[PDB]
Amino acid sequence: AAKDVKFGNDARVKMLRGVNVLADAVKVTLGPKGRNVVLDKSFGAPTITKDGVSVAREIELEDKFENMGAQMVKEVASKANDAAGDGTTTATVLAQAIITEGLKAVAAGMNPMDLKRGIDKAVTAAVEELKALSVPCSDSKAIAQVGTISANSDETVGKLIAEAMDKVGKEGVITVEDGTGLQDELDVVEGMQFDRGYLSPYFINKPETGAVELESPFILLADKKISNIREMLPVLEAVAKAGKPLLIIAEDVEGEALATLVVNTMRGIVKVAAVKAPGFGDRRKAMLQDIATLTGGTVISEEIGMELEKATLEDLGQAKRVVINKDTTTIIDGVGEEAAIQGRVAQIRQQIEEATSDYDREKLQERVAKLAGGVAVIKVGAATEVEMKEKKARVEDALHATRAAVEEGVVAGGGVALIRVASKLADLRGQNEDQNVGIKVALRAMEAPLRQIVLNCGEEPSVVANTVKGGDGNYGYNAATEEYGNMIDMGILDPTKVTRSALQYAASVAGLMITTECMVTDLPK
Amino acid sequence: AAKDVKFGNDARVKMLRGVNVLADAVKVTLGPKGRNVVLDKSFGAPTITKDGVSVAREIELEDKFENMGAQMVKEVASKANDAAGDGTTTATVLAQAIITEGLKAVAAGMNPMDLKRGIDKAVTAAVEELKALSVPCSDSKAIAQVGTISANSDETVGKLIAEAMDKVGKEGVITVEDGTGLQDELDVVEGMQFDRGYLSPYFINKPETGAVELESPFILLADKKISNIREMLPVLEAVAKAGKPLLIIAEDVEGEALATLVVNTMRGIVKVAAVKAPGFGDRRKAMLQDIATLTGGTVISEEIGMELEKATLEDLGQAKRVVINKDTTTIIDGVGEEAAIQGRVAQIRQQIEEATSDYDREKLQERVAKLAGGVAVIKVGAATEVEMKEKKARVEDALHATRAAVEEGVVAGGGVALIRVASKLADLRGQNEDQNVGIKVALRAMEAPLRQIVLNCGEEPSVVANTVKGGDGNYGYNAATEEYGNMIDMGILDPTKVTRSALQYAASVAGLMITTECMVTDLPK
Amino acid sequence: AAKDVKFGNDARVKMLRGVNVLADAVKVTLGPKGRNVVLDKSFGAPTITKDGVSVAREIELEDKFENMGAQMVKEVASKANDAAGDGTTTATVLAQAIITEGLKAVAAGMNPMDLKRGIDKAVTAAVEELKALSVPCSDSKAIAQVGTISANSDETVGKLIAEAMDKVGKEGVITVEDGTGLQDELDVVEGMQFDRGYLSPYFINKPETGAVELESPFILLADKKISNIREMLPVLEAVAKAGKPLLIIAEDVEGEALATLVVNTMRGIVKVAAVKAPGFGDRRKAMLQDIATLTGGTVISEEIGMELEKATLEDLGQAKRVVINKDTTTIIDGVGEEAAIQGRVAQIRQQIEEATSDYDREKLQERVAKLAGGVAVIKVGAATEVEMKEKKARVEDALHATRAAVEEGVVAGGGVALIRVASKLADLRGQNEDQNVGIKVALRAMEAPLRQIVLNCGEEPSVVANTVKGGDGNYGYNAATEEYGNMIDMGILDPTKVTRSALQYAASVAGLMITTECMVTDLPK
Ligand SMILES: Nc1ncnc2c1ncn2[C@@H]1O[C@H](COP(=O)(O)OP(=O)(O)O)[C@@H](O)[C@H]1O
Ligand SMILES: Nc1ncnc2c1ncn2[C@@H]1O[C@H](COP(=O)(O)OP(=O)(O)O)[C@@H](O)[C@H]1O
Ligand SMILES: Nc1ncnc2c1ncn2[C@@H]1O[C@H](COP(=O)(O)OP(=O)(O)O)[C@@H](O)[C@H]1O
Ligand SMILES: [K+]
Ligand SMILES: [K+]
Ligand SMILES: [K+]
Ligand SMILES: [Mg+2]
Ligand SMILES: [Mg+2]
Ligand SMILES: [Mg+2]
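Chains as they are written, first to last, in the authors' numbering: chain N, 2 to 526; chain H, 2 to 526; chain I, 2 to 526.
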């Protein structure tokens, strides 16, 4: 189709007007007291909301260029949120500020590549300083406060997350499902999680999750290197006869076996998800034995001398749910008899007092954690199905945020540590003075988040910024209570990973667009 | 339909504006550091890319004339890439420069035929000087670096190509297929390749390949000159009963046999692809015997005294794939028993120590290479299907580039040998001073590739050109590291054939446009 | 439908603008070095061509009057080409020149009929002088050069035509069909050709040919005056039972016979094509006997005493193809046994040494030529089906041109003999001075073809014309090599009939439309 082609600033101002309008609409919702926005409905009384994601979903511009600039900004904010979990409106504010400044600098006739270099290395140095500032978010209080701020001040969600992880542990998995009545319920069910996932994304029947999700499956358990589908065909027929999804745990699947597995799956014959055998060596065989006991399955290992041709439904493990991540797989409610699982746990424990090696110490700790802690299952109790989905979404958002905080730490929330680092990295410079200017652009733009928080709360952005500058460390300004103090004390915990990802993706999009010189779109007809 | 007819400069400016806009959009991606271009998408997030091919795929103009001029330019760049393998954006820059200069010179009231003569003979002289500069690209390092630059800096692809060709050899074939897991695997399978292809393009069921591709076929092997389909009909029925594709390897197929073969193929009765018997004389019979052993087939030769009427499925050779090029056919995974193929290889080897003639020396070297080296089969391991296709297409592009470099050599990359030759052929002149002007046009425009590379990298085109002019030979400027040195050293290898084809097709299109005086299009309604 | 009606110059200027635009687009392709024209296509890559036929296929005008004027011009150029075989662009140049001159003369208030008279008698005198200049094109060299220039410099086509006619002869037919592989093959097959064709065009199932073409037909062979369908009804049923086309060769078919034959054919019962019996008298019966032997048929004559009711499929002749021209019929690959045909040939030869009369001498020469020379069948081998059709069209055009040159001779090509006659018939005058002006118009426009040839080659039209005028006879200017010399020697042969027909049809159209005073078209809505 005939195309409208733009070059340089022609496209750039076109992008930037849409970006700025998008963020002008979004940033009013930043902070605990974001400004009201009435998303118009097709019918009836429209919906009033106060979060950046809600409005960002409801935006389209007649100007195709402004619209697509908004589309890239929304895309990059989504990229951040995937690696952040919150700060979505904060990510939008950062994106607008850095994008607008970078486009204005590009229009100033100065080097775009140097802008990108300065911005990127400044972001790397800021990530390093945040990691230095990153204190480990491990305590149940900090986890509760992370689930609080992530779910827009919901303490109970983070508190229950901390309880579930304490009950089950990291070697297990916490899963969220539909609640029965109106109250959530947590169950430490018989499951496990090992750090081996699907060998091919072709097996993913739930592409949104990035993990194969099978309900009440048959679980083949192989401690062996597999090369041919001829050995596997009777098992495929057996599983297809009962109409259950199929999960393979093998030491290796190679060549024709995997090829015909892919062929049979794309034909829809069998729902097959094949993963690596956890660990290596004898530990792998023992862990397969734990799986076999928990799911009522059996280990198919050549050391037994038994072949895969004669593998049947009882031989294959049975669970109620399995989730096969990229390099991780978890079993939820293994159908295998629970007292048998207890006997296997006692077997692993007697193996524990037989071993003494610290490597073996931690490996057996992991095994007993997987088998006994099982899987945390959360059933969200809510009244209306719309509130059911709302609450569940809050729950997984807080869960992802708590994982990010555990793995990256939490800095003081409210945007005050940003002011701290601005007081710190005010001296950062690049190889070219253009890189210096990009660094200073970043320093300016990165105080904007707190500024917009205070603005939407109805108070003074820059005055709060200056007063925080007067302080140091966690000294800052609760924009909800609007009080100066230690943000950690009043529970405003923004994880290191959240702001880190938001800033990194904002830098990525700003640099990429700074280096953009032409574009092609469709004609406005 | 009523037509918009243009004459002379009326059509010419129409063409040239589209050409110039096309290249203005394309050339920003030239070099290792091409400029960002956001191709728009029909929905959601558009596509950010940095290569001229992708953007060339996404361009259409409302102006019919500018659009259609850009269509010829895209076509001619494709013609170059077919005979080049890369330099696509380089070919686009060359095409714009030469075409624009030639159109301006035509508009200058000056002889177009002389322009074409000057441009063409200058391009021929430049091809001669490039061949003089063409150093043989035969070593694994140079092949790896060709696969690197062709795939936009991908060393591993060229390195694996060098390994595969060392394992299999020239007399075999390297084939790329879908991988099973996430890592590629290379197999030296039992196949072969001889330099005889289809006698009629009608047999090509894969017109894009220019080669008949048959999967698990029946392979008739005839050492005889066929003339009638009456002898062939029982074989056709036998092959059609089993539903396999059919590949004839005959000394000759003539008259009624070929006619009714074409008729039956048009009716879709049998998938028949007939090829010449490799070589001539007794060597041909020996090679048919090698094929018969490798594919489990039999040689149908009149010297045995047996007739073709009694040819059946077991008699016909069996492979897993066959690819019949224009004058070349390769067999991939011959179903014939492998130890039998080994016995045949030992037979050819004992024939080797029976012979002593150098002609026979090399013929038997070729035979043993074909039979033992077989076919290299590469299964590209990738996660997502989109990245699967991306990686595979990179692989075949680098493969075509490596073949071109082997058959033509590599000159120093980055556009520095172009500056060398400009310093060299600055004295080239034509019979008419118009031909001289065309030659000087070529000399000017041919430094533009490096200029645009340095421009897109963000640095000075003409200053780099001058500094290279100060140097000689492989002295030049890495536009990625942006350093002056020997462009051969850091792997910047542009094959002789790539730039040769790009320049030749640019000259062809420029001369054709220079000689064009009128054109007819549809009315713009 | 409501009509736009134009009178006199109102229509005439409308006509002339379309004619002039058509020729302005076409004439750039005249000569061996015609200018490039890029026919813009609906999709993909447009088509670059250099011949007037291709561009003439690609023209339509929004102006209804100009469009339909160009439609008459294209029609008359087709009329010329049918009676010429080439000079299509030459005919277009002549048509534009004469029409434009005729219209500027009519607009001068001067007699149109006198213009017509002058033009027509000038064309007749020029035809007479061309025939005087016409040297017989009979040798294989001249035939090869005719097939060369006709196919735009293709020597091999004319050379193979000369070989085929030497092998088969005038009394046979040279047929061109699809080749099997990639090379053509010539076969002197058992056929014949006699100078009697269909008695009714109703029999023509191939109206484009003007000849009934029957594939593998049943050939009734009669030596009798037929009057009734009753005798043929059993034969019609016999032929319809086997589903073959039917060819009658009878001394005469009259009245109800032919009428109900037409009825049965229009009902589609039988594919009947009835022709005259060749010659008259006993020679006719003997020639029917030759047919009966060659096609395996039988002669149905009353001298035998046998009746037509009992005529069956074996009695009817069998061939593989028959082509029934207006007054000529040829048989290609008579199914009749070949050694039987040889016995019949020996029979005719012994008849030869029994006869002595020169009339009988040449009649028997013709008979033996028909029976032994048979039919030349050319199977054009080519790679692509598009190139197959291209080559077939080239071959048939060269064949028609060679026939025209054999029957009319060749004058020196390149347009130099036109300049010769302009030196010669400069003195031609008409009865009225208006007729004189028309004659001078013809003289002026007659040098225009060479002028346009030299123009498209990029050189001086009028200077070449003057230098040729300085010479005489075959002295002229090769516009490809651009050299002064003998056109006959350097292979540039333009047949007398080609230019004769082009000029005659140009004169016809010019005179007709000059005498046009009004016309009617549809309204432009
Ligand atoms: N008491 C508080 N004082 C100051 N800032 C807060 C407080 N509670 C939450 N915030 C910050 O305000 C933001 C709420 O904005 P919100 O509309 O949720 O956008 P996002 O979804 O991007 O976080 C959070 O990112 C959080 O860091
Ligand atoms: N390190 C380098 N220094 C200078 N030039 C390079 C370097 N690496 C690659 N190139 C050149 O840059 C070009 C990459 O441009 P690209 O967008 O791939 O266009 P194309 O597809 O036409 O090659 C290659 O043709 C290559 O010759
Ligand atoms: N070597 C030559 N020198 C001069 N004239 C030539 C030569 N070869 C061919 N011609 C003439 O040029 C014409 C080619 O024009 P072409 O595009 O084929 O138009 P047309 O199809 O009407 O002939 C021929 O008619 C032929 O008479
Ligand atoms: K909020
Ligand atoms: K590139
Ligand atoms: K021509
Ligand atoms: Mg929030
Ligand atoms: Mg490239
Ligand atoms: Mg011609």
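Just so you know, even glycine gets a beta-carbon here, dropped at the ideal spot from N, CA and C.
Am I right that residue i and residue j are in contact with their C-beta atoms under 8 Å? What's the rounded C-beta distance?
| i | j | result |
| --- | --- | --- |
| residue 480 of chain H | residue 455 of chain H | 5 Å |
| residue 451 of chain H | residue 416 of chain H | 3 Å |
| residue 197 of chain N | residue 278 of chain N | 7 Å |
| residue 296 of chain N | residue 220 of chain N | 5 Å |
| residue 374 of chain N | residue 216 of chain N | About 22 Å separates the two Cβ atoms, so there is no contact after all. |
On the three-state DSSP scale, how would you describe residue i?
| i | result |
| --- | --- |
| residue 299 of chain N | coil |
| residue 97 of chain N | helix |
| residue 244 of chain I | coil |
| residue 223 of chain N | strand |
| residue 258 of chain N | helix |
| residue 278 of chain N | coil |
| residue 238 of chain N | helix |
| residue 517 of chain N | strand |
| residue 265 of chain N | helix |
Return no unless some Cβ of chain H is closer than 9 Å to the Cβ of residue i.
| i | result |
| --- | --- |
| residue 457 of chain N | no |
| residue 62 of chain I | yes |
| residue 451 of chain I | no |
| residue 391 of chain I | no |
| residue 56 of chain I | yes |
| residue 195 of chain N | no |
| residue 513 of chain N | yes |
| residue 225 of chain N | no |
Please confirm whether residue i has its beta-carbon closer than 9 Å to some beta-carbon of chain I.
| i | result |
| --- | --- |
| residue 112 of chain H | yes |
| residue 518 of chain H | yes |
Taking 9 Å as the threshold (beta carbon to beta carbon), is residue i in contact with chain N?
| i | result |
| --- | --- |
| residue 528 of chain H | Given a span of 2 to 526 for chain H in the structure shown, any question on residue 528 of chain H remains unanswerable. |
| residue 165 of chain H | no |
Closer than 7 Å, Cβ to any Cβ of chain N: which residues of the stretch 22-44 of chain H, in chain order? Closer than 7 Å at the C-beta level to chain N, one finds these residues of the stretch 22-44 of chain H: 22, 25, 26, 29, 36, 37, 38, 39, 40 and 41.
In the stretch 198-223 of chain N, which residues sit with their C-beta less than 9 Å from some C-beta in chain H, listed in chain order? Listed in sequence order: 200, 201, 202 and 203.
Members of the stretch 255-287 of chain H that neighbour chain I once the beta carbon cut-off is set at 8 Å: So the list reads 255, 256, 259, 260 and 263, given in the order they occur along the chain.
Using a beta-carbon distance cut-off of less than 7 Å, what residues from the stretch 456-487 of chain I approach chain H? Within the stretch 456-487 of chain I, the residues whose Cβ lies closer than 7 Å to any Cβ of chain H are, in chain order, 459.
Taking a Cβ distance cut-off of 7 Å, strictly less, list which residues of the stretch 70-104 of chain N are near chain H, in chain order. Taking 7 Å as the Cβ-Cβ cut-off against chain H, the residues of the stretch 70-104 of chain N that qualify are 72, 73 and 76.
With 7 Å as the limit, tell me which residues of the stretch 366-388 of chain I have their beta carbon closer than that to any beta carbon of chain H; keep them in chain order. Residues of the stretch 366-388 of chain I whose Cβ lies closer than 7 Å to any Cβ of chain H, in chain order: 384 and 385.
Contact list for the stretch 171-185 of chain H against chain N, Cβ threshold 8 Å: Taking 8 Å as the Cβ-Cβ cut-off against chain N, the residues of the stretch 171-185 of chain H that qualify are 181, 182 and 183.
Indicate whether the contact test is met: 3 or more Cβ pairs, each with one atom in the stretch 152-169 of chain N and one in the stretch 388-399 of chain N, closer than 8 Å. Segments in contact, yes.
Members of the stretch 343-361 of chain I that neighbour chain H once the beta carbon cut-off is set at 9 Å: So the list is empty, because no residue satisfies the distance condition.
Would you check if there are 3 or more beta carbon pairs closer than 8 Å linking the stretch 260-275 of chain N to the stretch 157-166 of chain N? Taking a cut-off of 8 Å on C-beta distances, the stretch 260-275 of chain N does not touch the stretch 157-166 of chain N, as fewer than three cross pairs fall below it.
Under 8 Å: do the stretch 482-492 of chain H and the stretch 127-134 of chain H share three or more Cβ pairs, one atom per stretch? Verdict: no, contact absent.
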